[PDB]
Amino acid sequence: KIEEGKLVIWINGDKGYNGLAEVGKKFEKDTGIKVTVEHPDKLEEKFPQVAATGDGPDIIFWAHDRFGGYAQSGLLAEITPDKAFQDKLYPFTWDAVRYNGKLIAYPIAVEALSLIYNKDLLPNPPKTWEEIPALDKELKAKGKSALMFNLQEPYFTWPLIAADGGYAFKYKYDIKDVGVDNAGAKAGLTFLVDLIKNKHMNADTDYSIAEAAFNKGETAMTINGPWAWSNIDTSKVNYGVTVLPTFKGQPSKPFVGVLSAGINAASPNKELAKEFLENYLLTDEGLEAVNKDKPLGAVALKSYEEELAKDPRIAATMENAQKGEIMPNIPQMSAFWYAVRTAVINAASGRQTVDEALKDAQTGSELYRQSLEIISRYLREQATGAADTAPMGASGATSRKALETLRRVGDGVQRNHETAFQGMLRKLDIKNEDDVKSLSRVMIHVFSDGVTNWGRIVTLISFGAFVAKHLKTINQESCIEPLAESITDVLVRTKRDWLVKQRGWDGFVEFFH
């Protein structure tokens, strides 16, 4: 599928892709290999679907948070730089691109949101979020506004949400512990909704609108990353970059991202990509080429970062980064981001209340792990005859009651559909972990076809248990957990919006009560 003898690269439209293409030209001048740089819309969504079919770019650029999902899906090639190259980058940047013990990408730069303010409108930036309403009122009398930033991406709103105690996954990570719906998160989002209620912000303000307003000098402040600095320079706005405002006396905690370059598992040009990334991009001159297009932030390369660190704007970036947290790269990050995105937009527009919106975001973020906990335990206890003695953990009553519901209803299905299941089992012929990996396509084909209800979900899991008993019987018990993860993946991927609308596994319990 992917063409040999050339390099195709994907990077976001807000990054210095003209600078990157110029690095690609130097690579072409040396090697005779053409390098095509593209910046397609929603590439972070497009990549996992096209790469799965063996297609897509040789190299994909994104923040490290999305890269665990890719690797888990077998979409990323394991990268193996020698010691000499590894020592040229900061170790913690390597940490951000490590997944299950393996390095799955090259770290490029460290990104953190900062407060960007117009020094001509606002000689001193506000230290607190609380004082911004009164500041806006003051600025409105001059035909200006205080603050405008992207409200369509939760990335920009998260620092405020996390300030008073809101969090994604509790940190060792406890993935079952999601704090998107606690008091702190409610406090942060409410303050944002109130800003909109009191005409201090507009719910439909996106990236382009916020950037245009600041760079034209219509609003005193914005919230953005280093990549935005270029266009602000062009606009000749007397701007400064500083620490984010505190909320309730506590610092804003932005999720910190490490711009990373991954190599497609289906790429026939893995050696070319490695050569490009190591010996052309991750150099003083290579990063400078991109940085001069759009600023990268604090780059992973020590030799170049030592120079950039002298920039007050970089100092402000790293200060904000220190008060924030490095994003997790667990596969669930995509689901978390989608849930929180919807929650922020819905609360901002009044479609839901803060309590309602964050409630759904909680259910959406927990959905995979909670589903896995239930499906894994059912499959394993059915196969072995004995239950799991371990505590259910967070949201334990839900998991426990769902499992008990599943036991009652699942056993009925397996009983009544026994002959049908045995016929299906024989046709699939499942005898090792290799065969279990093949099931994903067949499973998705049958399940996603037709209507949606709890009954089909029970059938899905019950046949999974039926297969699990077969796997155990033929001494393939090690294949049960991969099967459980596979089924769980299919379920939450295909019925994500439906499950959330049913209030998750609580809905399942109530439905069969």
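By rigid core we mean the largest C-alpha set that fits within 1.5 Å across both forms. Don't overthink the numbering: it's just position in the shown sequence, from 1.
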| Line up the rigid core: which moves more in 9 other deposited structures of this protein, 254 to 262 or 429 to 437, by C-alpha RMS? | 429 to 437
| remark: In terms of RMS C-alpha distance in 9 other deposited structures of this protein following rigid core superposition, 82 to 90 and 438 to 446 differ, and the farther one is 438 to 446
| Counting only residues of the deposited sequence, how many between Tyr171 and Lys172 have no atoms in the entry (none, 1 to 3, 4 to 9, 10 or more)? | 1 to 3
| field | Comparing 150 to 158 with 426 to 434, the one whose average Cα B-factor in the PDB entry is higher | value | 426 to 434
| note | Higher of the two mean Cα B-factors (28 to 36, 456 to 464; per PDB record) comes from 28 to 36
| task | Check the PDB entry and point out which of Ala210, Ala183, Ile108, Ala357 has the largest C-alpha temperature factor. | result | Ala183
| Top residue by Cα temperature factor, when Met221, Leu277, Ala394, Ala402 are compared in the entry | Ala394
| field | Relative C-alpha B-factor of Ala63, binned into the chain's lowest, middle or highest third | value | lowest
| query | Looking at the C-alpha B-factor of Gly54, is it in the lowest, middle or highest third of its chain? | reply | highest
| note | On the chain's distribution of Cα B-factors, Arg408 falls within the third called middle
| message | Where does the C-alpha B-factor of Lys472 rank in its chain, lowest, middle or highest third? | response | highest
| message | Could you place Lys144 in the lowest, middle or highest third of its chain by Cα temperature factor, using the values in the record? | response | middle
